[PDB]
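As structure tokens, the structure follows; a few thoughts come after it.
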Ligand code: CLA
Ligand code: CLA
Ligand code: CLA
Ligand code: CLA
Ligand code: CLA
Ligand code: CLA
């Protein structure tokens, strides 16, 4: 799928907290989660407290990918809302992350290629001496 | 109604809050007028002021609580200890400056005010600026220690605690 | 970045993928099992190493293995 | 005697210990009426101490240079009552317990959910098994010859 | 409307669920596959809100469990009174309480254990007791062993009553959820009914049974010729001789001439010189005033008539510019969550127990309690430990409420939301405070130790050196000593002898109480206490505040309240649950309470307790060595731990020989706990794998597969054994020392 | 109403100078000239570190070597006859 | 009746009954044959 872009949509109503972004977002990266809600409603924040999600588009900036995914799974489970999130860099570069293919990763989908798949059982890994003085690991073979 | 505590700069997703301790006009003015936050002036003069304050304040504890406090030579010994502490602090400042800043790199200070207005970043966060700051700190601290000694044990002013 | 590997003892019940807290794993088509799907780890740079997938592994022994490797700011779960 | 020890009927330290114990017990007797119940209870303790020391003398125990009995374990035929006979009796009781446990574990192994008879014990089955430990040496030997003792994996 | 609401025969009484272990939970009821099941059955026995989601069903269960607990307590009290009546020297102790040691336990003559029946005096052999029951019985007016037997019988009857009530209210008449949520009625009845009427009845007993019998006892008349309590009600003439005001009847009460009752209702203060305890006439008046205060207090809330307050109305009207909506929403939280109420009540009860411990030593209420040092030390230590444990349980259940019952979508509260929005500032500030207090309290001890070891006593923090005087506490003491003259003119003496009124009370050649001096050493120990309290508060508050989520774990709530970890990821995530924080805070509570009781013991043995001769000279147990020795860690090691342990280590062959045995056993258990605390279950499961092979080789492998203890269970076992061993070590050492030398 | 701009990441992430002041120098010109003249040699960070470490070490050694018995008990030395050993050893 | 007999066969109840009987037996043996160091 062609990934969606990042508009200037509003943000949930929140009074502020000490659990938000720090200087790491200034110099390394931060994350942006966007969703759509049918009504204004209470939702617990992954950084502490409760915020009000507006009806229509919603955009929220967070410090970690894990926070974005936790909030997303909570939205999907409790409010039945589909979500997306992106990685934003200090130079304004935006990288689309999830859902990567347009389909959630727990559902099989064509066009995906396996990465890190070993065509053997876990008990067939070679002993360390066979990879000694080489830079390779036993599970990388 | 009327709430006092607000999100920092109106942004609820920055990890801070606006409280009377942090955002009252009196404390804001006081912090803005300290030498550590005077962005548009030579860091050497700011370091001079900082050292003059700190070396002056350091004299008392060494002179009064030291091992030789009951000796007739207590004032000079305590002043020497305060000067040694100032020397150690200057060494630490030089170490931090060398480790943190490269000569060619620009400043790491923010370039925006709270209102979003562009400003010149503080030259104190550069190698040359920090070097000037620590040199001024050393010169001010030694002078402050000497001034405290001169006021306490050369003129012998009737200070209650000496 | 930690290392996450998948072995062909997979039965494709998708338990690891929905236990991932950082969306590292996903399901891809296959033909080696009745479910016709196997797990993959294309985003191990977001791996934190909590090993939640192995707790959800029904196979004996584990079909998904996590090896703790070089540490980054993402792998240590740092928000500052 | 053995290892330089003297019999407790001869050693003077043993008698001195007996005298001092009785003297310690008799000092608290002074604080009570001669007819009171505490006076009757300390007298029973005095008789118990006298009987204990007389028995230790009669059994033929060896005492060191401290007046205390010392056990001889090496296998001397005149000291079997200190380790050998009690050890045989212990080994008979412990084997009894182990064999009754093993038979009960075997008896419930072939059931639908045999873990329920391990938290809720089938008391009649245990009553059946319990008295088979009286002949535990014979059965334990006999499953050694046939091969029903050790699982050959 | 407030009315009785019950349900008839909700649960059938049968033995069928007794034969099915684990019936209360879905998972456990299926039977065991491994040994873990056996533990899981006992850990989830009383976790009622995990058995069912019905609030009414949970509430009925707790209501019946309280009746069961009350029955157990009544059985315990009946046993205590029966042992006082049947196996004690109480009647001999009554005639000579200064020379006879209380004893209510006698051991059997088996395997030589009869040495524990020591000479407690009065022609009696037994075990000396430190519960203080003898002094309470003397205060109540109990004079013969027959009245203790009747009390034991009554307590047995009451225990049967509570057990029957629990069965009846779980199986026959189970109250509805609306009945439990009638909080206004409950508060009114507990304030006016329970407390007010109870104190009024006790005041009546004191002015009718306690005051006359104790007046006879303090006059020096034989206990066996004192008139019986009912004789003071039958012919009022006997009561009109000790106090002629009783001749007036209740006319002064109704005509508002209360000063006519000044004979037996007083405001004195101080202690009774014959007794060494508070004046009984003071205590009766205290209870009579408390009764009126609580009876008026229990009329504040509105139940069925218009008058009264609404708790929700009061809560919703308290809000400000800094706290938003304020306390609105707290009524819904506290009427639908058992865990929040448990947390609040545990905190308040634990705090009140410590206050009781502090007040009972400074104002001994019972006769001949002050000069019985073993009882005083035991009561103080016991109540301190109880308070600390209850306080820790408060944090545990607050964390449980946060994990389970917190729901901002339906039960929002502004105060709790705002607390959760700046928890970083709270925790960082408490961290800084803990570090500052630790430095400026303990590092002074290290400074003193190093100066003493370097031959520089003049550079230490001591009364003969650099001084640190507790001037604020000294000023408070001086203010309280001057109260009878300016600020409490109707009072004759100060509320305590320790304030500094320059008088000492001696009973039987023994010092009861005297002005307690405060100096540099006290300044040191008090800040040591504050530091440990702050660290415990930090550990518990960090667990409560960060239970739902943190920057490391955004979704910590889904993992539950009691989980081991979230894997070795993010550098390592061990002990992140709120349960672990309680597990860690138990150690610091233990440390704090141990330091407090050590301080109390040393100070009392050095500056208060002692002996007095017929010359006017006072000689304390350790001779005032606290001021100059308690300022170094070496001083605590040498003059307190080494010097005062000389009793328990030479108690073999005496009646105190059971305390040395318990000393060694407590040391052993404390050391044993370190195996569980320092290791992990992965090693033990692998070790068990080899033993299972040996069992399978001989066909003796059990069907219930042996499992190593869970990660959380090992921590619980380690901390339980650690606490038991530590507390028992001090129990044995304190009891031996204070019985031998006290 | 929005606090997310891709063209302004500094504003979005809160890269603000809260208490920084852009006001001119509040110091007097003559005093600043004096301090600039007499503190210039100490503004070389490479020279300052070496000078501070080496000169401080030399000064510490010199002061320790010039201490008298009045200042330090270790310099004064023992003044009392020595105590004997537990069993006559010296 | 059957259910109560099943409950009395549970591990803790049987354990306390068995160890109580054992303790009583050992206590009575020590009461009538005290201070035994050897086996005559
Ligand atoms: C049927 C009972 C039974 C039997 C026959 C054995 C037999 C054996 N155990 Mg063993 N064990 C048992 C129960 C039993 N165990 C239990 C209940 C535990 C848990 C506490 C253990 C824990 C254990 C360990 C940790 C080790 C052994 C070892 C051994 C072997 C060496 C002997 C030894 O060290 O004994 C020592 C035995 C014990 C410490 C436990 C005894 C517990 C009681 C006495 C048994 C009670 C059984 C049951 C309640 C009664 C059945 C009643 C029934 C009729 C209803 C031997 C094969 C050792 C081994 O593998 O080395 C070769 C070893 O290291 N056992
Ligand atoms: C918390 C309450 C409490 C406590 C701690 C005690 C503690 C004690 N009481 Mg006591 N008591 C209490 C309440 C209490 N009592 C009450 C409420 C009453 C009034 C009814 C009494 C009446 C009472 C009397 C009359 C006596 C004691 C005695 C004793 C002492 C010895 C008890 C003993 O050996 O048990 C005896 C042993 C048992 C009861 C066995 C335990 C039973 C359990 C269930 C295991 C069963 C296994 C069984 C023994 C094995 C055989 C079974 C069979 C099928 C083969 C002990 C210090 C005795 C004492 O001090 O002597 C000087 C004594 O004579 N008590
Ligand atoms: C008259 C006998 C009787 C009978 C047949 C039942 C039967 C039943 N009750 Mg019931 N109950 C009774 C009396 C009885 N109860 C009384 C008197 C009370 C008041 C306390 C209760 C309070 C009560 C509650 C609150 C609940 C039940 C429940 C149940 C059901 C399952 C309980 C179970 O498995 O028990 C087996 C459990 C035990 C035998 C444990 C008894 C432990 C005692 C009470 C405490 C003594 C511990 C003491 C501290 C020991 C210290 C020494 C130790 C260190 C060794 C079952 C229908 C439960 C239910 O409905 O299930 C959903 C439930 O929630 N009952
Ligand atoms: C004046 C009335 C009155 C009194 C005296 C009490 C007293 C008590 N209530 Mg209570 N309660 C009342 C009214 C009253 N309640 C009302 C109106 C409600 C409904 C709003 C409740 C709801 C309630 C709950 C939900 C709980 C209590 C509990 C308790 C006990 C707390 C433990 C304690 O302090 O031990 C003190 C112990 C004593 C003083 C020993 C004597 C026992 C007393 C005399 C029995 C009380 C009888 C009762 C008032 C009426 C009996 C009914 C009648 C048909 C026989 C205590 C016995 C708790 C408890 O432990 O439950 C068992 C508990 O969980 N109460
Ligand atoms: C009135 C007070 C009170 C009440 C009603 C509860 C009630 C509860 N607590 Mg709680 N708690 C309390 C006080 C209280 N606690 C205190 C004071 C602390 C601090 C120590 C705690 C710490 C605590 C933790 C950390 C946890 C609970 C949990 C629970 C719940 C499950 C309890 C359970 O199944 O235990 C079953 C009972 C046992 C397994 C018995 C344990 C036996 C102990 C460890 C031995 C004590 C040593 C003993 C005194 C010495 C004996 C010597 C020996 C040789 C015989 C339940 C709602 C748990 C939960 O999940 O809550 C939802 C949980 O994780 N509580
Ligand atoms: C005696 C052993 C010991 C010591 C000294 C400490 C020390 C500390 N623990 Mg602790 N802890 C211990 C055992 C110990 N723990 C054990 C056994 C457990 C398991 C239950 C814990 C569990 C535990 C928890 C759960 C927590 C602590 C916390 C703390 C800190 C409290 C703040 C403080 O007082 O800082 C002051 C520092 C000290 C008192 C240390 C002594 C320093 C003195 C003054 C000498 C220093 C001189 C100088 C610096 C030396 C420099 C010389 C140079 C050559 C290096 C502190 C670092 C808390 C924390 O981090 O809060 C901030 C906290 O949350 N601990």
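What you see of chain C is 2-81, where the numbers are those given in Swiss-Prot.
If you check the header, you will see the structure was determined by electron microscopy, 2.4 Å.
Cβ atoms are placed via backbone N, Cα and C, with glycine included.
Over in Swiss-Prot, the protein carries these features:
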DOMAIN    C:2-31  domain '4Fe-4S ferredoxin-type 1'
BINDING   C:11, C:14, C:17, C:58  [4Fe-4S] cluster 1 binding site
BINDING   C:21, C:48, C:51, C:54  [4Fe-4S] cluster 2 binding site
DOMAIN    C:39-68  domain '4Fe-4S ferredoxin-type 2'
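Here the candidates are the binding-site residues C:48, C:51, C:54, and by Cα distance the one nearest residue C:14 ([4Fe-4S] cluster 1 binding site) turns out to be C:54.
In this structure, the binding-site residues C:11, C:14, C:21, C:54, C:58 were compared by how many other Cβ atoms lie within 10 Å of their Cβ, and the smallest count belongs to C:14.
Here the binding-site residues are C:14, C:17, C:21, C:48, C:54, C:58, and none sits under 8 angstroms from chain B, going by CB atoms. Reduced to three states, the DSSP call for residue C:48 ([4Fe-4S] cluster 2 binding site) is coil.
When the binding-site residues C:11, C:17, C:58 are ranked by how far their Cα is from the Cα of residue C:48 ([4Fe-4S] cluster 2 binding site), C:17 comes first. Listed binding-site residues: C:11, C:17, C:51, C:58. Those with a CB under 8 Å from a CB in chain E, in sequence order: C:51.
In the three-state DSSP scheme, residue C:21 ([4Fe-4S] cluster 2 binding site) is classed as coil. Sequence-distant neighbours of residue C:17 ([4Fe-4S] cluster 1 binding site) (same chain, 6+ apart, CB under 8 A from its CB) are C:26, C:40, C:54, C:55, C:57, C:58, C:65.
According to DSSP, the domain '4Fe-4S ferredoxin-type 2' (C:39-68) comprises 7 helix, 7 strand, 16 coil. Other residues of the same chain near the [4Fe-4S] cluster 1 site, with their Cβ within 8 Å of the Cβ centroid of C:11, C:14, C:17, C:58, are C:12, C:13, C:15, C:16, C:40, C:54, C:57, C:59, C:60, C:64, C:65. Sequence-distant contacts (6 or more apart, same chain, Cβ under 8 Å) of residue C:51 ([4Fe-4S] cluster 2 binding site) comprise C:22. The number of other Cβ atoms within 10 Å of the Cβ belonging to residue C:48 ([4Fe-4S] cluster 2 binding site), over all protein chains shown, comes to 26. A gap of 17 Å separates the Cα atoms of residue C:11 ([4Fe-4S] cluster 1 binding site) and residue C:21 ([4Fe-4S] cluster 2 binding site).
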